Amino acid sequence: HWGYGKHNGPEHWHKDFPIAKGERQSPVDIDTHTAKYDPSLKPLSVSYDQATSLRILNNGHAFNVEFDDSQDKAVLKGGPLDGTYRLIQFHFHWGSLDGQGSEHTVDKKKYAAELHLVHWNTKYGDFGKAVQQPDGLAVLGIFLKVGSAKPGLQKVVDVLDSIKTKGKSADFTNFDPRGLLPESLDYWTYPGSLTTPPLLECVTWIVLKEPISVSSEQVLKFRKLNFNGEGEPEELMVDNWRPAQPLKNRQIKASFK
């Protein structure tokens, strides 16, 4: 029943999921001049050499590319993190137009889209147990702007017409997520939540300062997907982002000056 419309969209979520109004919700606006530079933060460690993708799925909210997370194959560590986080899936949030789409904002600036690479803390043994803990997940967030094509994204864009509607899935093997990463790993970090229901307050957010560029044709293909299932009235999959939420009692830290 939750979704992104007038009747079931973000402003409605708190009725089913009262933690919507909690003390550590995401996303947030990143005010780049109020963020504290922290020389004690470690470089982020992104080890994606042995990543194994399995499938891609339209869930009626976005498309998820899912990875085999049954061994220590694609891991995040270092940065603000203690221990080891394993890659389970990535997805995107995007707009009806290039001027909106991102969930996090930077000095109120909205990007065309935002990529979420979702990882779970290996001390909790799997994703389902991790989301039930305050340090269960690490999400690497990367902004997309429209300009030059990202070649490493085309394999994703090409398969989308095979998962047009809610519930469709396709196998999706040997996709390399290193092809979605910008040059710099300079980041902001703050404690928050899932940005979709159930909105659990289990995420260490790691948001890259440097966006990647994607072409207008690549993002246009995201916009041809559907929120509805096959054989129901077409509702295009656009504006599947949650707006910025109150910062409340939180400091956003930066890895860079």
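Under this definition, the rigid core comprises the largest set of C-alpha atoms superposing within 1.5 Å between the forms. So that there is no doubt, residue numbering starts at 1 and follows the sequence shown.
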Of 222-230 and 36-44, the one with the larger RMS C-alpha deviation from the shown form in 8 other deposited structures of this protein, core-superposed, is 36-44
When mean C-alpha B-factors in the record are compared for 118-126 and 72-80, the larger belongs to 72-80
The stretch whose C-alpha atoms carry the larger average B-factor in the entry, 137-145 or 158-166, is 158-166
When the entry's CA B-factors for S215, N226, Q50, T195 are compared, the highest one belongs to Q50
The residue of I30, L44, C202, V207 with the maximal C-alpha B-factor according to the PDB record is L44
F92: CA temperature factor from the record, placed by chain third, in the lowest
Chain thirds by Cα B factor, record data; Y187 belongs to the middle
Among the modelled residues of its chain, the C-alpha B-factor of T173 falls in the third labelled highest
For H14, the third of its chain by CA B-factor is the middle
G60: C-alpha B-factor third of its chain, per the entry, is the middle
